[PDB]
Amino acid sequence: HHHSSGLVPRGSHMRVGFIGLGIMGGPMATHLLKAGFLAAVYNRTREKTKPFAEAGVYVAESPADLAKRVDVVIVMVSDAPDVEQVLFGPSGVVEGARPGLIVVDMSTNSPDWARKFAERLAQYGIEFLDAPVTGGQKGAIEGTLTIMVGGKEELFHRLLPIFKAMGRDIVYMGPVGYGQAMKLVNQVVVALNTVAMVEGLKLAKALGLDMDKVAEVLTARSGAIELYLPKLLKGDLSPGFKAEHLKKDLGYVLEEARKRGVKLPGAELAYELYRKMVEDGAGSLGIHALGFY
């Protein structure tokens, strides 16, 4: 069946449907709406779609119902199994998409997962990019994300106006999976920079240092410090970036390391620390709460 017009003209071939309105996906999709690309959203929990519906965005009943109405599906759900559900479940994207639709997975998983998604989608005539991001919740909100992309370079170029609505530095990394590859390098760094900050703070507190001055001196400076030290000092342990998601990222890091015969003892330790945090019931706190939960 064909369908009625929506927010974005069909002849643009740039109608976007966005799946996963979380800490990242809400602000990202809002930036796409402000830029005139957002036609539709889907979220597993319907309440989060409310602010979109109040701006006229179509609220889909399933990923399939979203896919049949758009040219580009952006996915920003938690983990690779969640991407599998939204793409390939009973009412997943593949049940609604027409050939030539592009899926862009902006969530974090792995090169191997990116390649599997692309392979499976190509059987339906659906294109794929892996385009994970860095910059945190604050970057999402500000529209300044760094976006690292794998897949056909021609599709990277075609979608650059969409990426520029959400981010600032848009980097083409190579074939399918090279965006996830970059993102997993990035997550090694983020994890250990976060452990750095937390251990520094634990030592500073034990020594009874003036936190104002600690923050001044450390702002040693890193991403984690700039994004999360103010929250941490106020005891705001909310994400931010959930500990369970970093655990997940570090699992893929260590799988890739093992596949390639590289030893990453720091990443192994980080994985252990974040694994304990999830076991202890703090998986939904931000990563900056490590050591403090």
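Position 1 is the first residue in the sequence shown; the rest follow in order.
Continuity check for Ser78 and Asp79, given as deposited residues lacking coordinates between them: Count of unmodelled residues in between: none.
Mean C-alpha B factor from the entry: is it higher for 68 to 76 or for 202 to 210? Stretch with the greater average CA B-factor: 202 to 210.
Determine, for stretches 252 to 260 and 27 to 35, which one has the higher mean CA B-factor as deposited. That would be 252 to 260.
Tell me which of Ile102, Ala131, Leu121, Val217 tops the list for C-alpha B factor in the record. Of the candidates given, the C-alpha B-factor peaks at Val217.
Would you check the entry's CA temperature factor for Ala53 and let me know if it's in the chain's lowest, middle or highest third? Middle third - that is where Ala53 ends up once the chain's C-alpha B-factors are sorted.
In terms of the chain's CA B-factor thirds, is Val86 lowest, middle or highest? Bottom third by C-alpha B-factor.
Where does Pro111 sit by CA temperature factor within its chain: lowest, middle or highest third? As the PDB entry reports it, the C-alpha B-factor of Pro111 lands in the middle third of its chain.
Modelled-residue ranking by C-alpha temperature factor, third containing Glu127: Lowest third.
Third of the chain's Cα B-factor distribution that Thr194 belongs to, per the entry: It falls in the middle third of the chain.
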